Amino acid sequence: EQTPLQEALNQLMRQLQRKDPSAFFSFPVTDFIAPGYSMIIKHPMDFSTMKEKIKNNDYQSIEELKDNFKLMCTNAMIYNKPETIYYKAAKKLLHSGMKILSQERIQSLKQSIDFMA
């Protein structure tokens, strides 16, 4: 059903989502919630969109998921001002996920994914 790469991506996604208990990043931000969001943020991203990309096999590396995760956090730091709870939640999530998506974990997974070919 799923490739070893897809399974690794999902395990990383579950660790990243454990760092968003308030659930701000679960689903796309709507303009109803955040007026003008669609005019400000050119490339929206959220965890549910990322989980669909994993399911549809749109990622060919962990690094592409890592780029989408960084994009998701920095979008929140562009739309929301530094003093806001969403900016500070994004900054904390980005820092936590950069260790969850560590280059060391990526290297380890690359080997075990390669050996499962």
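Take the two forms, find the largest set of C-alpha atoms that superpose within 1.5 Å, and that set is the rigid core. Heads up: residue numbers just count along the shown sequence, starting at 1.
Larger average C-alpha displacement in 7 other deposited structures of this protein, relative to the shown form after a rigid core fit, is seen for 100-108 when comparing 100-108 with 20-28. Legend: mean Cα B-factor per stretch from the PDB entry, 25-33 versus 58-66; the higher mean is in 25-33. Higher average CA B factor: 16-24, of the stretches 89-97 and 16-24. For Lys81, the recorded CA temperature factor ranks within the lowest third of the chain's modelled residues. Split the chain's modelled residues into thirds by C-alpha temperature factor. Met116 is in the middle one. Per the deposited record, the Cα B-factor of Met39 falls in the highest third when ranked against the other modelled residues of its chain. Split the chain's modelled residues into thirds by C-alpha temperature factor. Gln6 is in the lowest one.
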